Amino acid sequence: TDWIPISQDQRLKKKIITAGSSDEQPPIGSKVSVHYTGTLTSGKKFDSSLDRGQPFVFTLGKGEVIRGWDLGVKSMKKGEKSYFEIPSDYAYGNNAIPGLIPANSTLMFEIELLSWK
Ligand SMILES: C=CC[C@@H]1/C=C(\C)C[C@H](C)C[C@H](OC)[C@H]2O[C@@](O)(C(=O)C(=O)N3CCCC[C@H]3C(=O)O[C@H](/C(C)=C/[C@@H]3CC[C@@H](O)[C@H](OC)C3)[C@H](C)[C@@H](O)CC1=O)[C@H](C)C[C@@H]2OC
């Protein structure tokens with residue numbers, strides 16, 4: 001599978017690992033449920049929703065997650081599992097997460113869109 005650009009500058013992109021069960025996409029304002037695993041561009045894992053044994057839930061389009069996630073999940077179909085490359089300016093930018101993510105880090109995310117309400 002190939003990288004598919006999500007943004008106009010083609011820097012936010014995804015790889016479809018598993019195609020969705022239908023062509024439904026979540027509307028703005030949906031409470032979306034996902035599985036995810038985050039890694040650095042070295043492959044090292046820094047977090048995964050599986051580590052807490054339940055899906056991760058956030059409201060789409062509200063801006064409570066990093067820009068790459070709002071734009072990325074909005075492009076996904078129900079049931080789709082994709083692999084995202086999120087540049088720093090689509091994530092935490094020049095900020096660092098203590099002990100986990102250095103400043104100006106590209107983030108790799110494996111996201112599976114389970115459902116939404
Ligand atoms: C009350 C506070 C704690 C509250 C924590 C939770 C509900 C639990 C939830 C599973 C987060 C994880 O906690 C185990 C943990 O997930 C990471 O490890 C991670 O994988 C990540 O990157 N995620 C989480 C999954 C969605 C994308 C992204 C995100 O957008 O996360 C959001 C994020 C950090 C946004 C910042 C907010 C500040 C802005 O300035 C910045 O803008 C540049 C963007 C998270 C969801 C926030 O909305 C909510 C919180 O912070 C972060 C690396 C650090 C984060 O712990 C803090």
# chains A, B, ... in the order shown; residues from 1 in each chain; ligands from 1
$ residues_near_ligand --ligand "ligand 1" --cutoff "7 Å" --atoms "only C-alpha atoms and all ligand atoms" --output "MDAnalysis selection string"
chainID A and resid 38 46:49 56 64:66 69 91:93 97 101
$ residues_around --residues "region 77-81 of chain A" --least-positions-apart "2" --cutoff "9 Å" --atoms "only C-alpha atoms" --output "ChimeraX atom specification"
/A:15-26,35,73-75,83,110-116
$ write_last_selection --atoms "C-alpha atoms" --output "mmCIF file, in the first residue's frame"
data_model
loop_
_atom_site.group_PDB
_atom_site.id
_atom_site.type_symbol
_atom_site.label_atom_id
_atom_site.label_comp_id
_atom_site.auth_asym_id
_atom_site.auth_seq_id
_atom_site.Cartn_x
_atom_site.Cartn_y
_atom_site.Cartn_z
ATOM 1 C CA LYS A 15 -1.257 4.251 4.739
ATOM 2 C CA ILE A 16 -4.476 2.231 4.632
ATOM 3 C CA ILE A 17 -3.759 -1.052 6.433
ATOM 4 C CA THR A 18 -7.343 -2.326 6.548
ATOM 5 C CA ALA A 19 -10.085 -0.802 4.423
ATOM 6 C CA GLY A 20 -13.271 0.233 6.173
ATOM 7 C CA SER A 21 -16.445 -1.827 6.207
ATOM 8 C CA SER A 22 -18.357 0.931 4.377
ATOM 9 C CA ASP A 23 -17.982 4.460 2.994
ATOM 10 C CA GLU A 24 -19.333 6.176 6.116
ATOM 11 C CA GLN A 25 -17.064 8.888 7.513
ATOM 12 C CA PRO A 26 -17.537 10.560 10.917
ATOM 13 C CA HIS A 35 -7.610 2.014 19.000
ATOM 14 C CA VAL A 73 -9.549 10.571 11.552
ATOM 15 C CA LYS A 74 -11.994 12.726 9.571
ATOM 16 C CA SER A 75 -10.613 11.050 6.422
ATOM 17 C CA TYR A 83 -1.025 4.295 9.611
ATOM 18 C CA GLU A 110 -1.605 3.405 13.893
ATOM 19 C CA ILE A 111 -5.312 4.258 14.260
ATOM 20 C CA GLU A 112 -8.358 1.998 13.879
ATOM 21 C CA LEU A 113 -11.730 3.751 13.553
ATOM 22 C CA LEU A 114 -14.096 1.523 15.538
ATOM 23 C CA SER A 115 -17.327 3.543 15.754
ATOM 24 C CA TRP A 116 -18.778 6.933 16.635
#
$ atom_distance --atom1 "CA of residue 50 (chain A)" --atom2 "CA of residue 7 (chain A)"
27.9 Å
$ select_by_dssp --residues "chain A" --states "alpha helix (DSSP H)" --output "short mmCIF file (atom, residue, chain, number, x, y, z; two decimals) with N, CA and C atoms, in the first residue's frame"
data_model
loop_
_atom_site.label_atom_id
_atom_site.label_comp_id
_atom_site.auth_asym_id
_atom_site.auth_seq_id
_atom_site.Cartn_x
_atom_site.Cartn_y
_atom_site.Cartn_z
N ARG A 67 -3.76 18.55 15.65
CA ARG A 67 -4.36 18.84 14.35
C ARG A 67 -4.30 17.64 13.41
N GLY A 68 -3.19 16.91 13.42
CA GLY A 68 -3.07 15.74 12.57
C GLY A 68 -4.13 14.69 12.83
N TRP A 69 -4.58 14.57 14.08
CA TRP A 69 -5.62 13.59 14.41
C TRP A 69 -6.99 14.03 13.92
N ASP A 70 -7.34 15.31 14.13
CA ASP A 70 -8.62 15.81 13.61
C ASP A 70 -8.70 15.63 12.10
N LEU A 71 -7.66 16.06 11.38
CA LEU A 71 -7.66 15.93 9.93
C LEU A 71 -7.56 14.47 9.49
N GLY A 72 -6.83 13.65 10.24
CA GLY A 72 -6.61 12.28 9.84
C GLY A 72 -7.83 11.39 10.04
N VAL A 73 -8.40 11.42 11.24
CA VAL A 73 -9.55 10.57 11.55
C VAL A 73 -10.75 10.97 10.71
N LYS A 74 -10.90 12.27 10.43
CA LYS A 74 -11.99 12.73 9.57
C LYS A 74 -11.94 12.11 8.18
#
$ residues_around --residues "residue 87 (chain A)" --least-positions-apart "5" --cutoff "9 Å" --atoms "only C-alpha atoms" --output "ChimeraX atom specification"
/A:11-12,68,92-93,104-108
$ select_by_dssp --residues "region 21-53 of chain A" --states "strand (DSSP E)" --output "number ranges by chain"
A: 31-40, 45-48
$ write_last_selection --atoms "C-alpha atoms" --output "tab-separated table (two decimals), in the first residue's frame"
chain	number	residue	atom	x	y	z
A	31	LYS	CA	-17.73	11.14	19.69
A	32	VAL	CA	-15.32	8.79	17.91
A	33	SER	CA	-13.94	5.55	19.40
A	34	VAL	CA	-10.54	4.26	18.25
A	35	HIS	CA	-7.61	2.01	19.00
A	36	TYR	CA	-4.22	3.63	18.55
A	37	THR	CA	-0.49	3.11	18.95
A	38	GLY	CA	1.98	5.99	18.73
A	39	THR	CA	5.64	5.68	17.77
A	40	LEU	CA	8.51	7.97	16.91
A	45	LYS	CA	6.49	3.22	21.02
A	46	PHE	CA	5.52	6.08	23.32
A	47	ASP	CA	1.83	5.26	23.97
A	48	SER	CA	-1.02	2.98	22.97
$ closest_residue --among "A:59, A:109, A:53, A:3" --to "residue 84 (chain A)" --atoms "only C-alpha atoms"
A:109
$ atom_distance --atom1 "CA of residue 58 (chain A)" --atom2 "CA of residue 76 (chain A)"
14.7 Å
$ atom_distance --atom1 "CA of residue 96 (chain A)" --atom2 "CA of residue 28 (chain A)"
28.2 Å
